[PDB]
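I have placed the structure first, in the form of structure tokens, so that the comments after it can refer back to it.
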Amino acid sequence: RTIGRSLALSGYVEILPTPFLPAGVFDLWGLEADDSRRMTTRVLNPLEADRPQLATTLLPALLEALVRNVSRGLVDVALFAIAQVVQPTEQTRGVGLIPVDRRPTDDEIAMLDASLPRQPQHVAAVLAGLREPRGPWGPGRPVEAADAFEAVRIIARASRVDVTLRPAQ
Amino acid sequence: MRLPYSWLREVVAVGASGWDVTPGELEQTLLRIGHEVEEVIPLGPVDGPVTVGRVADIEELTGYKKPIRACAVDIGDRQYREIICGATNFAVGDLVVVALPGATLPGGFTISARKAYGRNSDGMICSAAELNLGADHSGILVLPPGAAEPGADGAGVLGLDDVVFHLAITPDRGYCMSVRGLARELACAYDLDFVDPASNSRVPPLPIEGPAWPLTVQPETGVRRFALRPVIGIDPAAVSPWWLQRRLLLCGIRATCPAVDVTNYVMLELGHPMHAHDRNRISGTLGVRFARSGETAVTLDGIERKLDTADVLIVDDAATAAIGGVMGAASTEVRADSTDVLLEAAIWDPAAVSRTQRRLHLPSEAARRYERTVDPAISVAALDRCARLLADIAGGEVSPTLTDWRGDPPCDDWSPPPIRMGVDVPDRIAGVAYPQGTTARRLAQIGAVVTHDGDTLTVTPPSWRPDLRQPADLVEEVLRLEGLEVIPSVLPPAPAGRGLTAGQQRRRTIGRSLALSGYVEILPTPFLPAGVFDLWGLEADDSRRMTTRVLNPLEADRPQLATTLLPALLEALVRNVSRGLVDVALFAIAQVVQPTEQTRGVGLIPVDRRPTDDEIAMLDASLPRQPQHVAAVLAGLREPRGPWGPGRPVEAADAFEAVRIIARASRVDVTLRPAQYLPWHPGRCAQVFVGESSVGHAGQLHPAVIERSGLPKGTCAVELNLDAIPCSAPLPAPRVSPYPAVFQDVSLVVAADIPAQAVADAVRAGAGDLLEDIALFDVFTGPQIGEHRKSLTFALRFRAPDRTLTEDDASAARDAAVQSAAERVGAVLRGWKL
Amino acid sequence: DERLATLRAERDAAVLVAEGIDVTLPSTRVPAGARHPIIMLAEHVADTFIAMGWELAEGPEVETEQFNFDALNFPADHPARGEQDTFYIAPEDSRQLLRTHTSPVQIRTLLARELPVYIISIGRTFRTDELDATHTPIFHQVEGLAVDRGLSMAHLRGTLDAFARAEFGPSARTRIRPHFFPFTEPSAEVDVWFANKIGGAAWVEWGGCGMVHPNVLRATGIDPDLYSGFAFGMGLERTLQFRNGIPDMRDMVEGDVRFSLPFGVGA
Amino acid sequence: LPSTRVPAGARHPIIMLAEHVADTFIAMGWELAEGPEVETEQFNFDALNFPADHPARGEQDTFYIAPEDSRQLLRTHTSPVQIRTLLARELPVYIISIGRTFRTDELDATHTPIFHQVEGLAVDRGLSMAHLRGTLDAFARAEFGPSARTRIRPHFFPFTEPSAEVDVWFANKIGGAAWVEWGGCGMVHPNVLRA
């Protein structure tokens, strides 16, 4: 809740991300073939045959909504989302049926839990166009990478933790 | 109240002999049943040569600052040591207490033979402080003649294995302001038999053959008993035995002479204050009466009191003897030459004494007990106890005369009314099933008369317990004696709550919203600064000046309550600035106090019924208006310095943006209109309307207010009356058209005096639904458009709900909007673009 | 000197008008954003049940078939378990799916905690409906479950009516009409009396409910002869549509900034 | 590089403590009530069973509104808000009142004349001290940790009978878990109910 208030006040508009990735998004990003994000849990009956993989990252859905606002003339946008991703640890292994006339054992639960992919909560955000709009005060400030670092510091302040930023490729 | 464990133990021991307990245990039993032990002082320990000495010779040492004494002291076995001492409260022949070389005093002090002031000193003479026996007063401890021979072991004679419990008794428990009361409490806790130290077996009644002194009593004074007995022919040079001077000292009371000491002693033993009058200094009849307007008495301490017509007095034909229940007077005070004593044993009216003692600032040992009600049934027993003891010490005789006024008509039974309670009501309230008969045994232990009647107890409490008046009172007795620790921890079924209210949510959201934008909340003081409104230059009839005033502030110059929150906000701003925090933005959310008339108070409403709806509305209307306000100040920078650039100093626009933040948080729309209003700057002050109601102001502060107030240049401020911002709960349903949009930029020229929002509204009005968004870009002045005009460039975004807007369709809407601004604010088209 | 400071005054006072400013200028250089309206609906629902002593539970969206169906008393060949109604995780017969309701979270909760259990589970669920103005394949649902001694349908209605009053007004009530759910027995559908508008107070289908099925209790080691229970579930996009009058669900999910901003910040 | 061009502010810590207390009791089914700080003597004292000449009612312990004997004061506890609440609502009543109160203590490192207090009041059929301890222990656990408990020791308040003082077991630190005096409590006095 506090991450949501804190981002919203700073100008971000929450979207509800789709979990179904775009087609070939990672080929668009140029991710290496062994890039962990490519290891996706796949849906077996999507409503779009070209979009059957579940999101291992929230930027695809965020970027999709950003494209929509931009194509409708809303070029100065900052979106954010707070939702789980689906990162699987092996090939889809399913556990067989457990009798329903008794409750499952603590072990049968841990095995059921271990059979499902990792599903951590993520927060994510995108920005484009202006970050400060035009006005009598001056021409405005286009979005810059510094604004995405400041998004980090907003979430960190909201989470009451301290972060460090280190260069990275 | 201080008292020492030995005495407390002695009195419990009468009825449970061999009783004894560690101090730690006692402390814990006292807390467990209701008595706060502020402090436990075991009498500081001594080791080695600390013995009684007799002063045999004093030599006044001249030439120094103080008067100094080189004293020969008989220390036993015909051994005489010289000792240096600075005090003066002792003479040749007095038993003192000496710490000789090799001794160790409390606090880790070793005594050694030390040369001082020109002579050798083999130790020193002690004060009761230095022994950790009693309070430090000036000079050393002197023992009554015959307390001990020289050489006697100090630790034994002083009784330093004693411990002094220092208790903070609660006002409902006055009866525990004595060894009598606490003894009974301890006997109740430990299920011991109790001998009452005021019972006849322990104080046999003295004879009663005639009145001891003439006495008139005006009964509307509140006196419930007034007894006198005389003791004649007492040695005025007699002093009190060591045991009695000691227990006074441990209890906090300095001894003076047997007449006074005996009353203070019996006050501590039984809780009934006493006083001693020099009978030969009484002129004629003793009178109890109210004081008259402007009357005066000088009390024992020789200080003149200005009396009040509600102060009960004791007078005689000559003058005043006693401010009853508070302090005797000089006129009948016992003095050095007093041979014949008349002893006062009275019961005053609790509320009377409380009133009087608070007014005169005389919280005497007598007053504090009478405030909390003294057991009226024991006055003669305390008077008799106190008379025998005086004769016994100072060697007079106790006349068999006795006066004993007990009201008109006389009261012969001091027991309170009986209280009537179900046998298991204590069990309910505690949530515990106590073993059968518990409730009856405990009410018997405190001294009540318990009679059974099926499932319904009839309980007559005893005379020293005027606090036991309903079953709730009886419950607390049972529950505290069994222990509160035995009560379980059961969560109750609480019903479906509705949670927070809209206004409660709105204050939270205003707080989050401002805090995120950089504001730091303060807790505003409600007490205004001195003359703040004279600083602001508010007209004399300025409503803010009409302040509810506090009658006893902690700062005599700051007694008015805030009708506005800016004073406290500005005060905190000054504090941050004076500590080097020049770039600040503070805010507060708190009520103000705006009164509607002169302070009118409503009189008392009976508490045995609930007040009427009308009595509530009258009570509510009697109080000032107290609306919730939100307010904020800003100074210095608003954006700080960094690699991005030099920063942006606070400007009035930032205070308007504070308004828009609170409004967004409140989910209402506001309009800002120019206004002149102090303490704001006249050219930079906006009034805030929700719809057509004023909700407050915002802008930069007046430069002259800033200057007189020692505020930072450019300070901005904002105050809104939250009670004036209505509830809103929108259920929006936004029309989100996907069709493409047309972007056009139009420039309008208008008179400089026209507000930008007027031109925007006119453009919106003329353009209609197609206009999706309008936003002000530029504001340009120059000669070629006219010295008093200005050019507003607006950015317009048109979008249709069902079609791809043509670009003629758009310019239709543009032309329509331009025409509307022409008709409403006289705009002239400068030009347009895309 | 009678008039040295009287024009020295009006000198100073027209300096103050020389530095006047157009107080109506825009001041917002950090435009406000918006938490999404569904999340704020979920927020307001959550607080409504917290305020009644309930707690919220969360869980995975990709979820074992053990907990989505079998523990919730769906037969082994129930229609919902085909590739028509439910998203399934490859490969075929891997007993893994996108959950079609948040009830498994309540099973997980009944396994983990001591009874009594009063739990809300509010989260994203998944059915295979095509996205049109009144259906979304990715929707957010609010489900309750209360298990305790002596619970009855009357308590179900009590909670339902309390819930309705907080989300709709003190004028709001619920009615229940028998229906069928594998999770519950008896089972009803909950219509709500939305007085405040709709253009004219009428009943509206809100969600479903029922007493929790004995078999759900055995599948979680709870004696049905000692404890009973009730449950309910209302879909959030459904509730937003019909309360606010939002003709087109696509607006809720397409992430247009114009849909969200008018709802405000959500702070 | 630093990126924060809009420095973060702060809600005051007392308000956030009040916030966290409020939510703790909301989560248990309670509600919050508010009321005036300048308040009739009817509701501060007489309705709360303070005798007509009680020490607290002198210019020593309580701020009074001019002029003398105008039966108006700065409230010295939030209990009147609960009286007002008991007048206005139907029973049962489970109410928290959290607000600014006023006593005449000089401002030093352990006293403030303007302080913020949290008071509860629960009136219902069959309530007992055991329910008082239940609520107290729940309250303590939320503000201090699951390791926290309360103990009650008899005392005296005019508002309550019996009356106790509440110490809390603050395990999480203090440099070494020890009991600490937290507040007071008690069963509400019959006379407050008649009034």
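Along the chain as shown, the residues are counted starting at 1.
Each residue, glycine too, has its Cβ placed from N, Cα and C.
Annotated features in Swiss-Prot:
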| type | residues | note |
| --- | --- | --- |
| DOMAIN | B:44-155 | domain 'tRNA-binding' |
| DOMAIN | B:414-489 | domain 'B5' |
| BINDING | B:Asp467, B:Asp473, B:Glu476, B:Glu477 | Mg(2+) binding site |
| DOMAIN | B:737-830 | domain 'FDX-ACB' |
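Record features (the PDB entry):
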| type | residues | note |
| --- | --- | --- |
| SEQADV | B:832-834 | expression tag |
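All features noted in Swiss-Prot, drawn onto the structure.
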| residue | record | Cβ within 10 Å |
| --- | --- | --- |
| B:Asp467 | Mg(2+) binding site | 20 |
| B:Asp473 | Mg(2+) binding site | 20 |
| B:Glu476 | Mg(2+) binding site | 26 |
| B:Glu477 | Mg(2+) binding site | 26 |
Helix, strand or coil at B:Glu477 (Mg(2+) binding site), per DSSP?
helix
Going by DSSP assignments with H, G and I as helix and E and B as strand, what are the residue counts for the domain 'FDX-ACB' (B:737-830)?
37 helix, 35 strand, 22 coil
Using DSSP, how many residues in the domain 'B5' (B:414-489) fall into helix, strand and coil?
26 helix, 12 strand, 38 coil
